[PDB]
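One structure is given here, and the rest of the page talks about it.
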Ligand SMILES: OC[C@@H](O)[C@H](O)[C@@H](O)CO
Ligand SMILES: *C(=O)c1ccc(Br)cc1
Ligand SMILES: *C(=O)c1ccc(Br)cc1
Ligand SMILES: *C(=O)c1ccc(Br)cc1
Ligand SMILES: *C(=O)c1ccc(Br)cc1
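Chains as they are written, first to last, in the authors' numbering: chain B, 25 to 46; chain C, 25 to 46; chain A, 25 to 46; chain D, 25 to 46.
Given below as structure tokens:
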């Protein structure tokens with residue numbers, strides 16, 4: 025569950041960071 | 025342990041980054 | 025596949041962030 | 025190696041980001 029959660033969070037983080045930079 | 029550590033770190037990184045942006 | 029996707033994304037995210045900072 | 029590398033990179037990314045902010 026930890027690795028699954030982190031994987032999802034890593035994807036979320038990239039998306040959010042892109043939106044922040046835009 | 026590397027993968028467990030990186031997973032924890034990914035989650036922490038997102039939390040810190042959100043807090044930084046706010 | 026989720027872990028593979030997240031692994032690719034983690035590498036991409038670092039590259040993008042370094043280029044943004046530079 | 026993909027997962028090992030991504031794990032290393034996730035740790036490096038947080039270290040760099042914390043240092044960048046500080
Ligand atoms: O998994 C892809 C999802 O549809 C969203 O995260 C979009 O990419 C957001 O634009
Ligand atoms: C949750 O992501 C998880 C925990 C242990 C093992 Br093994 C696989 C996945
Ligand atoms: C530490 O996260 C770790 C190392 C080797 C294997 Br296999 C699983 C997890
Ligand atoms: C996809 O990355 C993936 C899914 C299940 C298991 Br077990 C390993 C990898
Ligand atoms: C590299 O990280 C790697 C590739 C295949 C398997 Br199985 C474990 C680790």
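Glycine included, each C-beta is placed from N, C-alpha and C at the ideal position.
- For residue 38(B), the secondary structure class from DSSP, reduced to helix, strand or coil, is helix.
- Secondary structure at residue 46(C): coil, using DSSP grouped into helix, strand and coil.
- Identification of chain C residues near residue 34(D) by a Cβ-Cβ cut-off of 7 angstroms yields 30, 33 and 34, ordered along the chain.
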